[PDB]
Amino acid sequence: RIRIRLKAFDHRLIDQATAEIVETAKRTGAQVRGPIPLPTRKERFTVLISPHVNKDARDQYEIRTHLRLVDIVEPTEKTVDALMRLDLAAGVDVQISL
Amino acid sequence: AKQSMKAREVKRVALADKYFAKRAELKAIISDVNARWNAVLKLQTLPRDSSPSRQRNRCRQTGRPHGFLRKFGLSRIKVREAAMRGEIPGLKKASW
Amino acid sequence: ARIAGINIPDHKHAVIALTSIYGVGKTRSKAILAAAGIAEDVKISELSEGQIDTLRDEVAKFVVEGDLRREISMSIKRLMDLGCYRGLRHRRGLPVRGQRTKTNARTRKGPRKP
Amino acid sequence: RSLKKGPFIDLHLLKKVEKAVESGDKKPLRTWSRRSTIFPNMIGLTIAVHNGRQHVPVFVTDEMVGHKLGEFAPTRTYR
Amino acid sequence: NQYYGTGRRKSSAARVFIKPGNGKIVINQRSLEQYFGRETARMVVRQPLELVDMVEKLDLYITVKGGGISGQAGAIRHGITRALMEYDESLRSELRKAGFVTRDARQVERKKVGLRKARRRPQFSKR
Amino acid sequence: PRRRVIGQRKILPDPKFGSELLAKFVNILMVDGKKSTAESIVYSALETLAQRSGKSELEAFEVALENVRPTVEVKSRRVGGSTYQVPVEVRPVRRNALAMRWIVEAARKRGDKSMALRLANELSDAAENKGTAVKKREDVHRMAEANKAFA
Amino acid sequence: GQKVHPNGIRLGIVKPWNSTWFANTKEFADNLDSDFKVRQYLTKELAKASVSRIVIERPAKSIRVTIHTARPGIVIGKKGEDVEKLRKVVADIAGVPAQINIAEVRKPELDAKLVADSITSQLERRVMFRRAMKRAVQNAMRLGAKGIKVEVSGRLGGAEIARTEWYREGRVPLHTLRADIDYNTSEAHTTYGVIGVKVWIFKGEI
RNA sequence: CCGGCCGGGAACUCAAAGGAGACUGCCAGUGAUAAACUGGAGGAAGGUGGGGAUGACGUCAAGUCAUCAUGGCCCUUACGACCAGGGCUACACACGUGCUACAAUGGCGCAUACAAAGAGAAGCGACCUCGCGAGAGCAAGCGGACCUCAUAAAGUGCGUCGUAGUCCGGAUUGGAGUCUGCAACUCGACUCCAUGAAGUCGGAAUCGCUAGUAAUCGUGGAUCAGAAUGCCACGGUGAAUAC
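Respectively, the protein sequence lines represent chains W, A, F, E, B, Y and L. If you're matching positions, the first sequence starts at 1 in the numbering used here and goes up one per residue. If you're matching positions, the second sequence starts at 1001 in the numbering used here and goes up one per residue. If you're matching positions, the third sequence starts at 2001 in the numbering used here and goes up one per residue. If you're matching positions, the fourth sequence starts at 3001 in the numbering used here and goes up one per residue. If you're matching positions, the fifth sequence starts at 4001 in the numbering used here and goes up one per residue. If you're matching positions, the sixth sequence starts at 5001 in the numbering used here and goes up one per residue. If you're matching positions, the seventh sequence starts at 6001 in the numbering used here and goes up one per residue.
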């Protein structure tokens, strides 16, 4: 009943990471819940596009922090011993809750 | 290049880091009523440059005090330039 | 009937009458009626003399009209005796709280004079 | 208008006031602080308040009880 | 056992579950009159039911969320129309003739830069 | 406006009477999106008008709208001397649109207490021919008959 | 003046981000500051080596930096000692352990940043700028794809009337989001002023 | 245990990835047998469905040397720096952009069901306690579908005010204060009490808007120690008219 929560900027990277996570959980076979679609947080910024003066001209930027949680509920000894070093992705933020 | 301005800013950051957070959290606790004094005549002796209100959030690329953003720590022009260069991760140009 | 005024406050409600008296607004009028025991929805017209007497005592136990007006007057006079910033803005006819005089000072300035 | 839990007195203003009441009557000295709170116990000083290019003397009297020292010094010049 | 219709009206989403039963309906654990029957735009949830004219034939149960009162009413109406889609296709043709099948693609517009509102430009003088 | 025609936008009829014309009257009397307030005012004024009249409300309301609506509209086309007023056949949409607009404008001009009472007085004066909107209609009609040129 | 930055509009689908790591806000600001310091010192040190791109990945107590370079031998130096040394000073300036990575870029005169740097170096050498653009477009057509556009602006012969010259053959569709147009700019300092060079070029068929 | 209670496929809103879908596709008429135009069936949207980004060659020697960089000139024992005060907030006036209202479509007291978009650790901070108040402690929860900001308001039911310079509006002024920050006189926001200017829908002239638009009503964010009637952004009700 532990939950693994994952944050990323690239949804393709986080989906491939959680796909390898569920593939390593299911490569032998276990009762494992898939990743949940926890909502993406959007940081939006409107800043001025000219150095001196603007009236209508501003540029608009957005950061989408995509959020997943896989919630491993089934204990498997090989999964616990080797659920590290699977994705090898440097853009993925990992947290553990219970 | 406002290096005088930036040196003033980093000097007051260093002085505020030296004279803050050693007794600053106890200021309200000593001053406030627990549910004049020698303690409050000592408390009204603190200097003026040690406060964090002395600081201004300036850019770190340029030192420009206007147009600042806390998340990037940069002025608006250099936020735009780094976003268009790709040096800021995840800052795709919004289009909704 | 009437207590200390130029025009009849009757044929109206008691809170409206005690706002038409000088120096008491709506909230202090409701406080006066609450301490006097007089309901708000009744009219001050066709009110009995004893209830009017209790209202008179309620008005008299706080600061009356005229006395608070001269109290404001000697407060402004004391500021002018100070000669401070508030007294100088009172003499010049300029705002005292600190708002702008480049535009929109027309309440303190009165009508616009070229 | 300020907080009723503590008045604001400068320490340098307080030591000037204490030295002035130690000495007694004294010719005015130039003080640069306009951020001050006065009291009826220390009404009687002839301390002078600085406002820019000109320095003006201030003789405090009995009726001021909580006013700033900068209120009596006009910072701006009008015709 | 159940006949279901969602319906959406630009900020409101509903879920309509119908058993064949008594004609009294309920919306968010209270009746139509207790929810917005005192309010305006009450007849739109009766329009698909009164166009075909059944009253006591079916038993409705609707949970609606999001939006305002008329958005919720339009979502409830459109969930009733998807329930009639689940019912039959001749009545789908009748509701398409009436104008209730289509989900309303009129959403609110975004606020744009250099403008006070979505389309309202700020006033500028001649000079 | 220039390439092709863009028609007026389709409205829901009112719940109490089921009339697209009365719902359009509600939408014309409407200000600031207050549809419930506008239709409550319309329902109260129609109830007051029915109470004062007592005859057939449909026949009386068509007589009132016929007494208010213009049969000849005024139009300046800026052709000869930049001021002409030609008589032309008018759409029924323009007829009842001008009728509700003039009725609502005369209701705003009337100086009673409640706007339901203003609208009730205007709809009674439409029937007994004493209306400000009616007088506006004969202003339009006598202007058209005075300045009619191609007939 | 009125053009969008094409890399900044292609970042969503076609151009990868130059930094791909993740951080929350209170270290996001510090990571941008350290990223600029690392990139600025690395560009200053390897401007002689004529590098193309600097890509930073961080696991939040480590940094791993990949430099796309025309000549990997100049950067790796002599038996890895020089590259180990600037890895050490990058670790010292970032406060975290550092890994170095070298990615060779093929066709250096088809690489976008190197064309701008070469035209900048040629204007520092004070050869004719018109010949610099013709050599750039000729060599790009000779050993690569079929679209490139060069703009050279500012103090072109010291004329009073301002004039921007741009040379044109091939296709550079900038409004198309699918095509991979690499664009870069550079500044050349001379005794008569600074000259700005901006190059657009696509690489491959889709 | 009336607080969405717990085994449950997760039915279903929802979130978030992979996709399907809408491409004049199909049929009639028009067009020259062409492109194309009009109408109709099906369908969630039909004719770049809606909106946004995307703004060619060039013009205005248009704007920024005050974001930064740079050619020339200048000070470089002063056109440099450190300070304490003040000014950038002045005020016989003139113009531009907005906010509040001139009222009954409304004002005051009570009850009443929802929103969407967000942000939060040198923070968000429910709740305990007192006060007709801004609001004062070691109070839990959260670094975020959980916890907080956060009671949504116009609206709907009433009671009242009955067309008045008024139970309309709040300017200005005087008392008693909170929060922030070493310190609100110049020079922050508020609420506790008191007064209640002008304002009776505004001349010549002029501006925005074609549908979820205009109007109107709330809400969040950026910078921010504290201070938006501005800016960005989101939702509620939601027109009239284009011959």
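Where a beta carbon is used, it is the ideal one built from N, C-alpha and C, also for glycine.
Which residues mark the beginning and the end of the beta strand (DSSP E) in which residue i is found?
{"i": "L:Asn6101", "result": "6098-6104"}
{"i": "W:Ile21", "result": "W:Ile21 -> not in any beta strand (DSSP E); alpha helix (DSSP H) instead, spanning 11-25."}
{"i": "L:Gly6193", "result": "6193-6202"}
{"i": "E:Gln3054", "result": "3054-3056"}
{"i": "L:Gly6077", "result": "Careful: L:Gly6077 lies outside any beta strand (DSSP E) and carries neither H nor E."}
{"i": "L:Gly6170", "result": "6165-6170"}
{"i": "F:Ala2035", "result": "That residue, F:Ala2035, is in no beta strand (DSSP E); its alpha helix (DSSP H) goes 2026-2036."}
{"i": "E:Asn3051", "result": "3048-3051"}
If the cut is a Cβ gap below 7 Å, which residues of chain A does residue i touch?
{"i": "L:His6005", "result": "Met1084"}
Residues of chain L with CB closer than 9 Å to the CB of residue i, please, in chain order.
{"i": "W:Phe9", "result": "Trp6017, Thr6020, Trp6021, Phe6022"}
What are the boundary residues of the alpha helix (DSSP H) that includes residue i?
{"i": "B:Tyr4087", "result": "4069-4087"}
{"i": "L:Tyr6041", "result": "6025-6045"}
{"i": "B:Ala4013", "result": "No alpha helix (DSSP H) contains B:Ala4013, which is instead part of the beta strand (DSSP E) from 4013-4019."}
{"i": "L:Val6115", "result": "6112-6124"}
Chain Y partners of residue i, CB-CB under 7 Å?
{"i": "B:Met4043", "result": "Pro5015"}
Run through chain F and tell me which residues come within less than 8 Å of residue i, C-beta to C-beta.
{"i": "E:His3067", "result": "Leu2082, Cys2084"}
Less than 8 Å between C-beta atoms, sequence neighbours within five positions excluded: which residues of the same chain meet that for residue i?
{"i": "L:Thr6190", "result": "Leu6123, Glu6124, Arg6126, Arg6155"}
{"i": "W:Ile96", "result": "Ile2, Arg3, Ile4, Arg5"}
{"i": "Y:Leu5029", "result": "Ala5038, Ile5041, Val5042, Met5100, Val5104, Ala5107, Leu5119"}
{"i": "F:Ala2105", "result": "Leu2094, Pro2095, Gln2099"}
{"i": "L:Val6172", "result": "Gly6147, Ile6148, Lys6149, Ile6181, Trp6200, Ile6201, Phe6202"}
For residue i, which residues in chain L fall below 8 Å Cβ to Cβ?
{"i": "A:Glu1087", "result": "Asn6018, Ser6019, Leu6032, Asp6035, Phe6036, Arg6039"}
{"i": "W:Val92", "result": "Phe6022"}
{"i": "A:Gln1061", "result": "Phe6036"}
In chain order, what residues of the same chain lie with their CB nearer than 6 Å to the CB of residue i, ignoring the 5 residues before and after it?
{"i": "B:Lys4019", "result": "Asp4059"}
{"i": "Y:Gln5085", "result": "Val5074, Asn5147"}
{"i": "E:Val3056", "result": "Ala3073"}
{"i": "F:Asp2010", "result": "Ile2044, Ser2045"}
Name, in chain order, the residues that DSSP records as bridge partners for residue i.
{"i": "W:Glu43", "result": "W:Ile63"}
{"i": "W:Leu6", "result": "W:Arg68, W:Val94"}
{"i": "L:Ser6153", "result": "L:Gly6196"}
{"i": "L:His6068", "result": "L:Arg6053, L:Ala6103"}
{"i": "A:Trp1037", "result": "DSSP, once it has assigned bridges, lists no residue as partnering A:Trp1037."}
{"i": "L:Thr6190", "result": "L:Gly6193"}
{"i": "W:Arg1", "result": "DSSP, once it has assigned bridges, lists no residue as partnering W:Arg1."}
{"i": "B:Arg4008", "result": "B:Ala4013"}
{"i": "L:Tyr6183", "result": "L:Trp6200"}
{"i": "Y:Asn5027", "result": "None, per the DSSP bridge assignment."}
{"i": "B:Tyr4003", "result": "B:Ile4018"}
Give the interface partners of residue i over in chain W, defined as CB-CB distance under 8 Å, in chain order.
{"i": "L:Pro6059", "result": "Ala90"}
{"i": "B:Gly4114", "result": "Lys55, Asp56, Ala57, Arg58"}
What does residue i touch in chain A if you count any residue whose Cβ is under 9 Å from its own?
{"i": "E:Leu3013", "result": "Residues of chain A passing the Cβ test: none, with the nearest at roughly 11 Å."}
Cβ closer than 8 Å: which chain B residues qualify as neighbours of residue i?
{"i": "Y:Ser5036", "result": "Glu4039, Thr4040"}
Applying a beta-carbon distance threshold of less than 7 Å, which residues of chain W neighbour residue i?
{"i": "A:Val1079", "result": "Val47"}
{"i": "A:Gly1073", "result": "The contacting residues do not exist; A:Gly1073 stays about 13 Å from chain W at best."}
Listing by chain order, which chain B residues have their CB less than 9 Å from the CB of residue i?
{"i": "Y:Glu5039", "result": "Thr4040"}
Name the chain A residues whose beta carbon is nearer than 8 Å to that of residue i?
{"i": "L:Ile6009", "result": "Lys1093"}
{"i": "W:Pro51", "result": "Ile1077"}
{"i": "L:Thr6025", "result": "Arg1070, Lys1071"}
Run through chain E and tell me which residues come within less than 7 Å of residue i, C-beta to C-beta.
{"i": "F:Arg2078", "result": "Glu3063"}
Strictly below 9 Å CB to CB, what residues from chain F border residue i?
{"i": "E:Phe3072", "result": "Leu2082, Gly2083, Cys2084, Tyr2085"}
Checklist entry - What residue ranges within the stretch 2059-2109 of chain F form continuous alpha helix (DSSP H) runs of no fewer than 4 residues, ordered along the chain? => result 2067-2082, 2085-2092, 2106-2109
Next on the checklist: Quick check for students: name the residue ranges of the beta strand (DSSP E) that lie wholly in the stretch 4026-4076 of chain B, counting only runs of 3 or more.
Outcome noted: 4059-4065
Checklist entry - What are the start and end residues of each continuous alpha helix (DSSP H) run of 4 or more residues lying completely inside the stretch 5036-5100 of chain Y, in chain order? => result 5057-5068
Checklist entry - Which runs of the alpha helix (DSSP H) fall wholly inside the stretch 1008-1051 of chain A and span at least 4 residues, in chain order? => result 1027-1031, 1038-1043
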